[PDB]
2 protein chains.
Amino acid sequence: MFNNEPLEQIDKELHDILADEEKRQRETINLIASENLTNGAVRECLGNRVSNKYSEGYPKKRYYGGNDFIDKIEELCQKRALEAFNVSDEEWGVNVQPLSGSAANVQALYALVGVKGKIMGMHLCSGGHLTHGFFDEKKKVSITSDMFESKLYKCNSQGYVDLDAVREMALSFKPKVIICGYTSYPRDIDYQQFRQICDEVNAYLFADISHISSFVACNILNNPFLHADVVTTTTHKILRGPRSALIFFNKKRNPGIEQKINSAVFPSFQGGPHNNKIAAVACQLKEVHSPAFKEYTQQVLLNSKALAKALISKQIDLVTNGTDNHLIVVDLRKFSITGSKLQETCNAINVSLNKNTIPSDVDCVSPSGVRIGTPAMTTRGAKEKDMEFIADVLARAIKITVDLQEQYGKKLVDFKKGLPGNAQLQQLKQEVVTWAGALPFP
Amino acid sequence: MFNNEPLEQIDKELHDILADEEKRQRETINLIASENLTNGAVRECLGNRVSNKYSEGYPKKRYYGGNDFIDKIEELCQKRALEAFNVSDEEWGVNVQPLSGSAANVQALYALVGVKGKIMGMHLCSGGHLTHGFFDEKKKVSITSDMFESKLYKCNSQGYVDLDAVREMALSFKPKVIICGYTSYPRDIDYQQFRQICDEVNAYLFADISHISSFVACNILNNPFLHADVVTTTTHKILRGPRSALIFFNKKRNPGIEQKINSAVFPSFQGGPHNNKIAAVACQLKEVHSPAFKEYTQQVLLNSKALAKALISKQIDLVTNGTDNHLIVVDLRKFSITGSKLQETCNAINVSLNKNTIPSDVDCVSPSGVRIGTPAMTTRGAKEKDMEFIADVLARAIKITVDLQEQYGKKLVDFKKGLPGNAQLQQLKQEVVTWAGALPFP
Ligand SMILES: Cc1[nH]nc2c1[C@](c1cc(-c3ccccc3Cl)cc(C(F)(F)F)c1)(C(C)C)C(C#N)=C(N)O2
Ligand SMILES: Cc1[nH]nc2c1[C@](c1cc(-c3ccccc3Cl)cc(C(F)(F)F)c1)(C(C)C)C(C#N)=C(N)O2
Ligand SMILES: Cc1ncc(COP(=O)(O)O)c(CNCC(=O)O)c1O
Ligand SMILES: Cc1ncc(COP(=O)(O)O)c(CNCC(=O)O)c1O
Ligand SMILES: [Cl-]
């Protein structure tokens, strides 16, 4: 007693917007540092009937039966996760149930500290995540600043984590957790130095590696699993999986952490896991442990170096003057245009990027930068030689943005009136679409 | 630079478990009250490339651009939701971003009361959800009992919500929210009477309708939108959508609630929404507003009544001696077998059901009942006449379960040893498989 008519027949209205969405993806230069493109096999998992099943609890300790095939899938996912991140399952555990990155972080933090517990993370404006304890004078913006008592550290004037300031803050604040790993930090992390600071005050070391997960997995960047008590990561950014998350916990350093984390995820915070997610995560993690994927990750970094170099060649400033990873933050202060103006300009030319704060910015109103990254375009087949074209398109968007600011003025409402119909944008959009449109598309 | 080989080719290991799991579903009498089966079009949405997009924020107030097509999908979903539940978009708002039922409840509760806020819900042992404030003498099991201060109301000896106990508790406890709508409650709810209790103490009325959502949308059962401040619901149970959730809020009755709830979902708790989920929710919500789906929901109730009646005809006791909805709780005390035993026996015959407390049980340890429901088998085409066969199969399972307990003893470890290779189970399993396998499968 159901309608099994295909999506196009059942709902033509929805199917047109989704076919439109797909066209826009195929014809966009996607520089969102956090975005990627899933393959068909991952998308077959996400649409699999396995999501019909309720499987509350954990494998071999389920509330319901009928979960033997679900149990194999969840155990396969956990093992492939540990294999992927070069960890022994005798020393490390993984929970694969968190529905997304923010949920994973709130759950892990709760496990370690409980309500009113003390946490330390990087300020949002300096490249930390919202779930790393973010608040504002106006409000406790994240639950992580409200259900916990948080204190926030800044990066220095050159865009670098200031360990001396982290030390100063930890000794006066005495937190139970210190969070590292960030949302828009262009350099590698000194986890060793973080671990030394956590020992000094007796806090746990939490590494959120969502942005750099593939660099850790493939031994291209520093390894937080050598020093951290907990590692969280999303599966959807550079890892190129579905939208989900993983919490890793160090059993050897913390006996009985396994129960704290598993009970935090369920039944403290979640109900039924989404088994289509877990299935999809299994599928991608098998690709992650191939040497073919180490090739892809290596290319991400090669494109990112090449892009940073080409942008600097065109006299565009980068925060920390370069990158050790997949992402770059452009400092737009020498042009006297804000980040949101360039995002608007880049939207008009099918270039996807986001506004981003820089060290000099005190207020999240009018961030002076944009963040860009290469995972998506690297997935679509772009090489080092292709980064000059992207750098050129970005230089051309900055110049147009500067022209429009002079013509229509510095206020944002006025500025946007300048965008539609602009011959140069229409021309530049055209060049973008034609180039992006041609690239392989999963 | 990706592997686009189909799932069978790229991961033959995962694909065999999935193909097995699909067979187990096709060959099971699925009586899980919270389960259903998604059609092909909803599963096309869940595997759609729309999940590649990061779209933090709300439509027309997004942190990024490139979200024109995402915004159309999210607005279509909110509209179709309000229409489905017969509410005016001038008086009611809806948030469609929550990733699951539990997330939605925690978010909504936080919005209304904040950290340390006082909440009241039905005890879990009496049929409430974990996210309705559940705790135990050993621990604060849910976050909703920990981030909030909760008090839990019981149902009476006959399995009914005891309003005089709710009132007495509300007046002494003075909570900011009173939660109604349950996980295993076989009757309709007196929302009007709850509204009268909340008004008396100046608390919000929160209706969790996840189990009965289709009955509310189709006007078959009472309408909580007449009296509630907030209504939450999952989209995956009787509604037959993907795994996601909805939070409804009464703007007329509470000016300024719209902001409290939207901000609580993001950026307080979540990050990026899962747009495949939202697309999927949109697709199903179109089906919900057809008269064809009203027919389906009517049949759910018809099958549930017929099933209740056939079970009573065979001298099986039901909590509250019947049902007003899709679910029944069987009271197994007269046979001296526990709910976990019958769950194991039913697993052995490809009958999916869960163990469930009954009023007499002091503890959640050794529940004396099972919960069953008709949405899944109603989706598979079963009619009133087919309920006698399910009732037959269930009575036969109880009798086998009673025999095995005699033979191997009342201890669960001893009991289970009698299940593999039992001639009658192999026989009964065989009958189940043959009948179940034949039914329409979406
Ligand atoms: C959207 C998001 N999520 N997590 C995030 C961000 C970012 C961000 C957040 C926010 C914001 C501020 C207050 C409340 C809620 C939010 Cl989402 C603002 C901007 C700005 F527009 F100002 F550039 C940007 C970014 C990646 C887009 C961010 C930065 N920089 C970091 N470090 O982390
Ligand atoms: C699994 C689950 N989620 N939400 C739930 C349930 C149930 C349930 C919960 C629990 C439990 C108890 C303590 C801690 C954690 C959990 Cl998950 C136990 C049982 C039992 F097996 F004993 F019958 C059952 C049910 C639907 C399966 C339930 C009941 N009854 C209710 N009212 O609500
Ligand atoms: C370090 C980090 N951790 C957690 C999250 C949360 O993931 P979900 O959105 O799945 O909740 C993000 C989001 N990153 C947003 C961005 O960089 O664009 C992140 O950057
Ligand atoms: C009333 C109610 N509310 C919220 C939830 C949570 O939904 P998620 O699992 O999507 O978090 C449930 C789950 N119900 C479990 C069952 O009845 O089988 C529920 O019964
Ligand atoms: Cl999903």
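For ligands, and for the atoms within them, numbers begin at 1 and follow the listed sequence. Proteins get letters first, then strands, A, B, ... in listed order; numbering begins at 1 in each.
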For residues A:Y185 and A:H211, establish whether the separation of their ring centroids is below 6.0 Å.
no

Do any heavy atoms of A:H211 fall under 4.0 Å from ligand 3?
yes

A:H236-ligand 3 polar pair, N/O distance under 3.5 Å
yes

For atom 10 (O) of ligand 3, the closest protein heavy atom turns out to be A:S100 OG, 2.6 Å

With heavy atoms of B:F266 as the reference, note each atom of ligand 1 found under 4.0 Å away.
17 (Cl)

Polar proximity ligand 3 side, A:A103 side, N/O cut 3.5 Å exclusive:
no

Decide whether an N or O pair under 3.5 Å exists between A:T234 and ligand 3.
no

Under 3.5 Å, N or O to N or O, is B:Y64 touching ligand 3 that way?
yes

shortest atom 22 (F) of ligand 1-to-protein heavy-atom contact is with A:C364 O, 3.2 Å

Among all protein heavy atoms, pick out the one at the shortest distance from atom 13 (C) of ligand 1; state its residue, atom name and that distance to 0.1 Å.
B:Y63 OH, 3.8 Å

Test salt bridge (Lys or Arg N to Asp or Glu O under 4.0 Å) on B:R240 and B:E287; report intermediate values, then the result.
CA-CA 9 Å; B:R240 203 205 259 152; B:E287 163 161 316; 2.7 Å; yes

Look only at interatomic distance and state if B:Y54 has a nitrogen or oxygen under 3.5 Å from any nitrogen or oxygen of ligand 3.
yes

If you count the atoms of ligand 3 from 1 in the order shown, which ones are under 4.0 Å from a heavy atom of A:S34?
16 (C), 17 (O), 18 (O)

Nitrogen or oxygen of B:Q270 less than 3.5 angstrom from that of ligand 3:
no

If we only consider heavy atoms of B:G271, is any one of them less than 4.0 Å away from an atom in ligand 1?
no

Tell me which part of A:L124 gets within contact of ligand 1: side chain, backbone, both or neither, using heavy atoms under 4.0 Å.
both

Does A:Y182 come within less than 4.0 angstrom of ligand 1, counting non-hydrogen atoms of the residue?
no

